[PDB]
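Asker: Here's a structure for you.
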RNA sequence: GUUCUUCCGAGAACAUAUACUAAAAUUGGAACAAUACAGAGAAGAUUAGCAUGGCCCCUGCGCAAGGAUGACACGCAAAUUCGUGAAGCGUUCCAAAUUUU
Ligand SMILES: [Mg+2]
Ligand SMILES: [Mg+2]
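See below:
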C-alpha cells in the first residue's frame, strides 16, 4: 500500500500475490479494490489472491468470477469435542477442564487454552496452580505459562521451554500455555 | 261592742292574734299525630322461652304475671414485662484483543 501511493499502477510489478486474505486487514481490503482497479488499466499484470481458509468463494465473485483453485493439505487430523450442556461460568469450566485433562489423558502433550485477556490469563494461571498444588505427588508437574501480546520478551520466551522429564511414577508432566488469540495466528 | 257602777263622764268585768295570706301576675314539665322510609334475641334457615347487669322505664294490689325473652349487652375484645444471634455500617469500588504503514 505504501508503494502504490507513489506509483498508482504498481509499475514495478508483474505478478502480485495477496496472501492470507482471510485476515482481511485494512491494508488488504484497500489493496484488493485498487488492485481490481489496476486489473483494468495495466492490462498485463497477474493477480493471485490466496486465502488459507476454505472461504465461501466470495473472492471468486468479487474479481469477475476468476477461477478458483482449491488445494488441500493439513498435516494431521484433529478430534473435535463439545460439552453437551452449556456451562454457565466459562473460566470455572476452563480451569476445571485443564485439570481434568492433566489427570486423565495418557498421551504426552501440552494444553493451549484460549481466554479473553490479561485479567483472565493471569487469574487462570493462579487458580490452576492452586489445584495442582492440591493434587500433590501423584500427578505430574503442570507448568502454567501466560502468553499475551504485551508480555516483555523474556516472559514470552518461556513458550519455547520444554516440559519437565515427568515424575518418576510415570505421571505425565505438561506445559499449559494460556493465551489470547496470539496463539491462533 | 254589750252588761254593771255612779257623781256623771268617766270607771270595772267579759272577750285576745285567722290566712300556701290572691278575684291574680309571671314561669316551666310530660304526652300527642305521622308525612316517605326499613327491619325487631340464639354460630344456614323457621322460632318457644327462663335467667343474668343497672344513673332505663311502662301495665299491675303485687315478693304473681306481662311489655320484642320490654329495651340496652353485641369488640380497637390489648392489663403489672422481655430474651435472642446474623448483617450494613463509623464511608467506600469498578482497568488493554490483535496489529500495520
Ligand atoms: Mg336464629
Ligand atoms: Mg313477650
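In the UniProt record's numbering, the protein residues as written are 186 to 370. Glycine included, C-beta positions come from ideal geometry on N, C-alpha and C.
#1: Over what stretch of residues does the alpha helix (DSSP H) that includes residue 244 continue unbroken?
#2: I believe residue 300 touches residue 309 by the beta-carbon criterion, under 8 Å. Please report the beta-carbon distance rounded to the nearest angstrom.
#3: Is it the case that the stretch 319 to 336 contacts the stretch 348 to 360, given that we only count it when at least three CB pairs across the two stretches are under 8 Å?
#4: Answer with buried or exposed for residue 283, where buried requires no fewer than 16 other C-beta atoms within 10 angstroms of its C-beta.
#5: Between residue 201 and residue 220, is the Cβ-Cβ spacing less than 8 Å?
#6: For the beta strand (DSSP E) holding residue 331, just list the boundary residues, first then last.
#7: Evaluate residue 206 with the Cβ neighbour count: other Cβ atoms within 10 Å of its Cβ, from every protein chain shown; 16 or more gives buried, anything less gives exposed.
#8: Starting from residue 361, follow its DSSP beta bridges and name the residues at the other end.
#9: Starting from the N-terminal side, write out each stretch of the alpha helix (DSSP H) that is 4 residues or longer and does not extend beyond the stretch 203 to 282.
#10: For the alpha helix (DSSP H) containing residue 338, name the first residue and the last one.
#11: For residue 201, list the residues DSSP reports as bridge partners.
#12: Can you tell which of 307, 292 and 331 has its C-alpha closest to the C-alpha of residue 345?
#13: Expressed to the nearest angstrom, what Euclidean distance is found between the alpha-carbon atoms of residue 233 and residue 313?
Answerer: According to the structure data:
#1: 243 to 247
#2: 6 Å
#3: yes
#4: buried
#5: yes
#6: 327 to 332
#7: buried
#8: 296 and 329
#9: 211 to 224 and 243 to 247
#10: 338 to 341
#11: 232
#12: 331
#13: 47 Å
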